[PDB]
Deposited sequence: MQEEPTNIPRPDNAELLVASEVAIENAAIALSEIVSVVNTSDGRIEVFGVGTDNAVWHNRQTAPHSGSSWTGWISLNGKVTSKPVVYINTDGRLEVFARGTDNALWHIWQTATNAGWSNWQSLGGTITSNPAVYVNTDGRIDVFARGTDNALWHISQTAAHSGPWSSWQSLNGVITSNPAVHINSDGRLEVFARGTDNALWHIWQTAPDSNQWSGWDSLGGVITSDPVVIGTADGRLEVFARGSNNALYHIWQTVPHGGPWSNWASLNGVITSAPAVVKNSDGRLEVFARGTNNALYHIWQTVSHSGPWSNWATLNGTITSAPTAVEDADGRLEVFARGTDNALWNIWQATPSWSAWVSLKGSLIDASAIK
């Protein structure tokens, strides 16, 4: 499994980017822009405490309250949430279970968060809010299968959640809601290939799921729905390059997809759709630096891509689509990924 993303990042409901990572104390720490603009100063690192043994995953509730999901030292799923939009935090609370992957988090069309994680049986399990942005949570429920990567989840343009994960054959597999807001899940389906990273999945400007992963030759590959929220899927297509981290995907303000990954020389590289969301892909270009994690990309309140990656000093570094000079957010981050 290619070197993981080290932070979970979100553009908050007041347009300030907030980043969540794991400190050398295995606590979750966060850092937020002081202002909703490219090149803003930062609050600096503030601890949410806890003791995590996964990548922490933040998600924005449909009422704007941030909620962080992470595996605990007891291998249960834990969460912590803002008690008001962009204000103070709850205490950590256990959602129980015994999980063996990073959590994958998405919200249903009814505002109920759904959390996916590998179980001790290596099956895909999930648990969900029983009310919009609210407990109590459901029972843990199995979607079966046997998976060998962290899962990734995205909503279809018709409101059906869809989960992607590597199988025991190293192929990309996926499973989906057959109706929004439901525990009517499909059978597992193979999209084939051989992937050597977690998959990442995004929704296109024309309402199709598209999945990115590293292949056996360490090139970036992608595959997509050929119709909105539906099969058949394309063949795998190479975006070439040689990448030494998981790829991170993000949509530009104009709908153009862009992918970030570490190269052989440990520099940050990127590749993007040109002209429009239906235009031809660029060639790889370097953004220099020396990074010791996969990059994480998010669009800021100015419509500019922002990229975060750990540096050789274990600080989190930032670069944005001006591109800007590399800037340090300081801190000391560890890779707590549950699957490496």
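- Annotation: deposited residues 1 to 28, 351 to 353 are not represented by C-alpha coordinates in the model.
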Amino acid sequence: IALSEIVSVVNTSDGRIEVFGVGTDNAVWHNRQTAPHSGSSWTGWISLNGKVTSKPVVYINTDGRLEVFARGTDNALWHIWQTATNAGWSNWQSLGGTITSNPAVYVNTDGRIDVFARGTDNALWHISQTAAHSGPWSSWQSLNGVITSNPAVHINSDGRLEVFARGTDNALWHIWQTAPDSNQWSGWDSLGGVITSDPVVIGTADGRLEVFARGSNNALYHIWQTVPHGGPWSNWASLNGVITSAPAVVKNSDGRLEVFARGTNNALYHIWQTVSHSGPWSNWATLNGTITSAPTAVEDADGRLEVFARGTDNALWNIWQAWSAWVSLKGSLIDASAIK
From here on, numbers count along this sequence of modelled residues.
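Rigid core (definition): largest C-alpha set, two forms, superposition within 1.5 Å.
- Annotation: of the segments 276 to 284 and 25 to 33, 276 to 284 departs further from this form in 4 other deposited structures of this protein (C-alpha atoms, root mean square over structures and residues, core superposition).
- Between the stretches 71 to 79 and 84 to 92, it is 84 to 92 that shows the larger average CA temperature factor.
- As the entry records it, the average C-alpha temperature factor is higher for 139 to 147, out of 154 to 162 and 139 to 147.
- Among all modelled residues in this chain, the alpha-carbon of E210 has a temperature factor (C-alpha) in the lowest third.
- Sort the chain's modelled residues by C-alpha temperature factor and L305 lands in the lowest third, per the entry.
- The PDB entry assigns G289 a C-alpha temperature factor belonging to the highest third of its chain's modelled residues.
- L316: CA B factor in the lowest third of modelled residues in this chain (values from the PDB entry).
- Ranked against the other modelled residues of its chain, the C-alpha B-factor of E258 as given in the entry falls in the lowest third.
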